[PDB]
Amino acid sequence: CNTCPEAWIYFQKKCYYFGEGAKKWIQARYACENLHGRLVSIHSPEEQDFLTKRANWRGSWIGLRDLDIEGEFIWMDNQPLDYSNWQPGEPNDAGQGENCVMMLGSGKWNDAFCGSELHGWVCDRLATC
Ligand SMILES: CC(=O)N[C@H]1[C@H](O[C@@H]2[C@@H](OC[C@H]3O[C@H](O)[C@@H](O)[C@@H](O[C@H]4O[C@H](CO)[C@@H](O)[C@H](O)[C@@H]4O[C@@H]4O[C@H](CO)[C@@H](O)[C@H](O)[C@H]4NC(C)=O)[C@@H]3O)O[C@H](CO)[C@@H](O)[C@@H]2O)O[C@H](CO)[C@@H](O)[C@@H]1O
Ligand SMILES: [Ca+2]
Ligand SMILES: [Ca+2]
């Protein structure tokens, strides 16, 4: 089962959409839902390596946030916080609050202000048969 919609990229049972264009986090969430996916959830280094390669180098939203309880991050797929790739020193909840996670150009994660307008965002889906 390895089929993906047009413009999506297949990798290991999932499909990925590398959206481009300035969006707030909540905007990327709803954009992924509009394309029948969710902001990407990352659960292994192999998935991260795949994502880092094709990712927008100016940063991109991923599906990780601590809106519900400060300091407790949750993926869109509701699976555990098992694989992590935090940039050293992150998360730091800097500024007046950072509750949404982005990938840096290095693939390392940084929590950011949810109202920041990042230029990339990644959705995922399940591949079908
Ligand atoms: C309050 C004030 O005086 N404001 C001034 C401001 O003064 C400067 C400001 O510092 C802002 C930076 O302060 C720290 O160095 C960091 O917390 C930094 O955060 C960025 O980098 C850290 C990593 O070190 C991240 O954890 C953090 O989330 C943020 O990361 C960046 O996030 C964006 C999206 O939000 C992402 O796209 C970037 O890629 C990412 N960058 C990195 C490297 O990861 C702060 O941004 O306040 C200080 C006082 O504490 C001053 O000393 C600073 O000079 O200056 C502006 C003009 O420059 C002025 O208008 C404003 O009033
Ligand atoms: Ca936070
Ligand atoms: Ca941060």
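Reconstructed Cβ throughout: ideal geometry from the backbone, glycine too, with neighbour counts over all protein chains shown. Taken together, the values in this text are just the output of simple stated rules run on the coordinates, not laboratory data.
Per-residue ellipticity at 222 nm from helix content only, as computed over the chain with -39500 (n - 2.57) for each DSSP H run of at least four residues, stands at -4500 deg cm²/dmol. Remark: the range 1-75 carries a charge dipole of roughly 280 debye about the Cα centre, counting +1 on each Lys and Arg Cβ and -1 on each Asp and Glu Cβ. Using the alpha carbons alone, the radius of gyration of the range 2-67 stands to its Kirkwood radius in an Rg to Rh ratio of 0.93. Summing Cβ point charges (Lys, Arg +1; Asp, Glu -1) relative to the Cα centre of the range 7-127 gives a dipole of roughly 600 debye. Given contacts defined as C-alpha pairs under 8 Å and at least six residues apart, what's the relative contact order of the range 7-127, whole-number percent? About 41 percent, as a whole number. Here the mean projected area of the convex hull built on the C-alpha positions of the chain is 7.3 nm². Here the convex hull built on the C-alpha positions of the range 46-116 has a volume of 94 cubic angstrom per residue.
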